[PDB]
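As a starting point, one isolated chain is supplied in structure tokens, in the form deposited in one PDB entry.
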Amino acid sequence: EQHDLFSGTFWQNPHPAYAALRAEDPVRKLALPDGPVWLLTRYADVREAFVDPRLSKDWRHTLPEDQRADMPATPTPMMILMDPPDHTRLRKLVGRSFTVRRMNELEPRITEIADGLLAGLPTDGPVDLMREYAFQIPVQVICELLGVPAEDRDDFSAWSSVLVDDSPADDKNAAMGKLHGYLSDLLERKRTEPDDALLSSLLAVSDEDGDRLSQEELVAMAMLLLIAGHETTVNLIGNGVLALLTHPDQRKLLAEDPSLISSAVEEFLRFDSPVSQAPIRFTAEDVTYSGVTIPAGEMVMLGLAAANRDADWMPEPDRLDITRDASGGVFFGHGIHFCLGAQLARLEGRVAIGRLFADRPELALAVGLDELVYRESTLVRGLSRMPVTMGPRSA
């Protein structure tokens, strides 16, 4: 029978809806509030679509040919909203700074951030694990990555939460201006006073033809990292913790062998992908997937959460198996826009989740599954809150 889509029963558990879509309606127009968008749910179609040159990030394909003259490529020069060759240049410049060592160097800091939060949580609560733990880690990590002065952090975090929906969308519109101004000035302090962190690194960036990020590009890139790395990581933590709380068997396996945490994080990303659909693509011309044709100029979402449970890709896809092999999941995307932060996200997930279950072996949900409340956000699989009882700290 007809499962609700992006409404009703869908928000608490969209997986049955996605399974029915993959089986019966794999390429489907969705009447979303701000406008209709097409959804692809089969793994093979999603994978193809990510490398389909006819599926663009350039919103100007929504305009008929005669209306394009005046029009800018992007509303903000963010690399995620570009096609090659412009994307290729920004990806080359920023990518330089995302070194293996920079990631390894962050691990002790992420560990300290997690331990600091864990220390302040009570044994008997109940406590909202989202507000109190998952929400805090990723922005504190972004602060560390970028080199936001520790005095400016609680302020930085404050305006960051405003971007992750506190009140109406009037304030975010100006919170961007605050973060833009703040980052703009910080970049100046880094220029005068180089440090080992990312903002400083991004200024040095210079290819042999002398190329470098403009002042405008630098701030847009920093804002992109904040936005791309905050809510996403929060939901990796929230969703992975929930997966363990709801699968006693897998939780036992991890407890007996803590080294499974890396494999576990890959499986959480597959089993309940936090970026549930990829951000919109635009058809540059008509495309046909699973015999269904999407006209030129349309908006298209790639169903990552749906694709990651496609049995044509992964056998027993509805089973959580933290020993499973990750291979080929689409939770970080695929092709040219593949998540720049994937290594950092994976690090944050394994520290946040691994340390929590190590610190609090008797952690338990304090409500029934049917009582969990998810954010009604098209591209997000995210708990609004997670009531838990932390239980005693491990011996």
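So that the term is clear: the rigid core is the largest set of C-alpha atoms that superpose within 1.5 Å between two forms. Numbering starts at 1 and runs along the sequence shown.
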| property | result |
| --- | --- |
| Of 158 to 166 and 237 to 245, the stretch whose C-alpha atoms average the higher B-factor in the entry | 158 to 166 |
| Selected stretch [higher average CA B-factor]: 69 to 77 or 290 to 298 | 69 to 77 |
| Options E151, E267, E217, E285 - largest CA temperature factor per the record | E151 |
| Selection by C-alpha B-factor (highest) of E348, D58, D370, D52 | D370 |
| Third of chain Cα B-factors occupied by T192 | highest |
| Ranked against its chain, the third holding the CA B-factor of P85 | middle |
| CA B-factor ranking of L40, expressed as a third of its chain | lowest |
| Entry-reported Cα temperature factor of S276, expressed as the chain third it lands in | lowest |
| Where the record places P64 (Cα B-factor, split into thirds across the chain) | highest |
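Below: the form deposited in another entry, not depicted.
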{"property": "Only residue that shifts (Cα, 2 Å or more, rigid core superposed) between this form and the one not shown, among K172, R324, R251, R153", "result": "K172"}
{"property": "Cα displacement of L163 between this form and the one not shown reaching 2 Å, rigid core superposed", "result": "yes"}
